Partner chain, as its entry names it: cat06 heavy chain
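This document opens with one chain alone, in structure tokens, the form deposited without the partner chain.
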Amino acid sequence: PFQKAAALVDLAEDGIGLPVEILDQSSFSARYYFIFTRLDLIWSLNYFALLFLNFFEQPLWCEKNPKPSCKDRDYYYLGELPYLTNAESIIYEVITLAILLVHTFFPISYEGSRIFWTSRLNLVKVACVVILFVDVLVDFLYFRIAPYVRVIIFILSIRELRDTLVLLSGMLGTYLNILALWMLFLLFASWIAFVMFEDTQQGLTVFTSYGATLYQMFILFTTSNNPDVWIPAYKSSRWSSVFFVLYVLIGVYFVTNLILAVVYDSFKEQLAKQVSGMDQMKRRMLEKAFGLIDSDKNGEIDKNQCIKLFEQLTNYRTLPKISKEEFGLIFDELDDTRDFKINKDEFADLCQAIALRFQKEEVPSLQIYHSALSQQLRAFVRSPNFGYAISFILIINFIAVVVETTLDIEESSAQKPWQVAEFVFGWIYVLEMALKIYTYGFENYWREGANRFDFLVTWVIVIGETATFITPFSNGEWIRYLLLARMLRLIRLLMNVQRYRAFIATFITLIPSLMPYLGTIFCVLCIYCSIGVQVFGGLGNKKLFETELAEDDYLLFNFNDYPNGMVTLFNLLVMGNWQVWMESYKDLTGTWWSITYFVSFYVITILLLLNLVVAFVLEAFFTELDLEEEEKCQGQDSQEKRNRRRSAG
């Protein structure tokens, strides 16, 4: 099943779909080289599952500080998740590690042996593998850097995280220098403030002076402690504030902003680099296909040679036109010349143009079946009235749900009937899922993102129903009222309003695209939390806990547990009342060096990654602006002054 022309057409569709591989030749459908990656996909879904669960091993992982004394699994030094036993832990560690290993050495399948070993990615991946396994054996017989290779093996296990990392690296160098200037602002400012308030009342806050005045000026840099840090000085003199305002201003509006400007520039650049490299890589496939078609090597393809290529592209991928004797006729009209030679570089541009205009990916097959009985249903499902029907069923679902919930707030028993109706609503959706997938096929249905999401939500509902009914309100209310979110697609309605089209459109294109960078910033938290659990086992818990933190101890109710540490790290990441974690923990250890963690976290994530995501969101929104602006034709683009099309048919 490997037509000669056919190899080429499909490959064109790979260029447009943009799939990535780098194998220079497959000897005679798949052929020897393709079949490996070809069967890698099925393993790729399960692989997905394996890296997610493998990765979640760390939260359910049992803590290291509990293994010694004293009170075992008490609420003292508080925790909240299931934890895990090493007997129950190791079976899973070994399953994840074995399956993982299969996955890591599967590439040699489609790669040269010495090629797989020589590649830096495979050597590093396999290295983390080796560390993981050695530590799993050691663990079996009887634990410090075992999780780190969990998150590190995970970060490069998925490409989209990987290339995001790479994007960071390029802007990292410049980021460091700008950090140097920032640090000179902090040093100098701390100095002048401290010297200003040495013989004054704020000697108590400046008691440690520059070592501490630098600390306080640093937190004031965040504004997290704005009124509180200089309140003794302000009490001493109303004019003292004139400094801090002056200091806060410059710190926040002048410095902290153009920092972001730096990150915006570096990021924008690196993204240009990344998409351009992406373009060379896609063109690699395109030129590959063409080169296959061009047997003679002259660098051009005959009319008779390219006609077939259009035939299998038109039939196989996209709906363009119908070949004819008049085929030849069209060739005569364009130039009234008779060579019929299209270049290697020209053919690619042709195919991309076919992608934007002629392209529109036809269904794959799906049967050994008859079209009649289903055939009724199919045309009726694709009808617009059908979509109207689902719209109205979700509107009627919204009113239904509002009523059920409001009945819970009212507490009347009348909430029960409507709630059962909500379950019936759920069924409609499963039907919609089953019919829709039956009507378009699984591959098309999965092509659109909203349908993938819908599918998965629906299935959360179904498993919720089996569990809920086999298992026997709060048992059901909580589980099913949330999934009202499947009514969320109704928001695309607002795009019809001209004002809100850029906001909702940018938000919807933003929900997936922001995901690589959000995951990037999330792993950072995983590593940081592995660090935290190791370094802060306690909390002097009994005198030092109450002295360290009051209101904050209400906040410092966490960081002795990995989930605890994840949510606490979130609190730091949003930067709300963050310093209480920094100062309190500082005196739980007693050494200022502890604070480095927190100043290491700030710079890496608050001054780098979050600023980055700002740049990403603004850049995406602006792209949207230019797109909608382009749809109403303007900013006319040709090759320099004008294009040499020479008139149409």
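Positions refer to the first chain, counted from 1.
Unshown form deposited with the partner chain bound; subsequent notes refer to it.
Contact here is defined as any heavy atom lying within 4.5 Å of the partner chain in the deposited bound form, and by that definition not a single one of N304, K324 and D339 is a contact residue.
Residues with any non-hydrogen atom within 4.5 angstroms of the partner chain in the deposited bound form fall in just one of 94-102, 282-290, 133-141, 150-158: 282-290.
Contact with the partner chain in the deposited bound form, defined as a heavy atom within 4.5 Å, holds for exactly one of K542, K71, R120, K297, namely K297. Think of it this way: in the deposited bound form, the partner chain has a heavy atom of just one of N343, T547, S109, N315 within 4.5 Å, and the residue is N343.
The closest heavy atom approach of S27 to the partner chain in the deposited bound form falls within 4.5 Å. Shown alone here, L271 lies farther than 4.5 Å from the partner chain in the deposited bound form, counting heavy atoms only. Although the partner is absent here, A348 is a contact residue: one of its heavy atoms lies within 4.5 angstroms of the partner chain in the deposited bound form.
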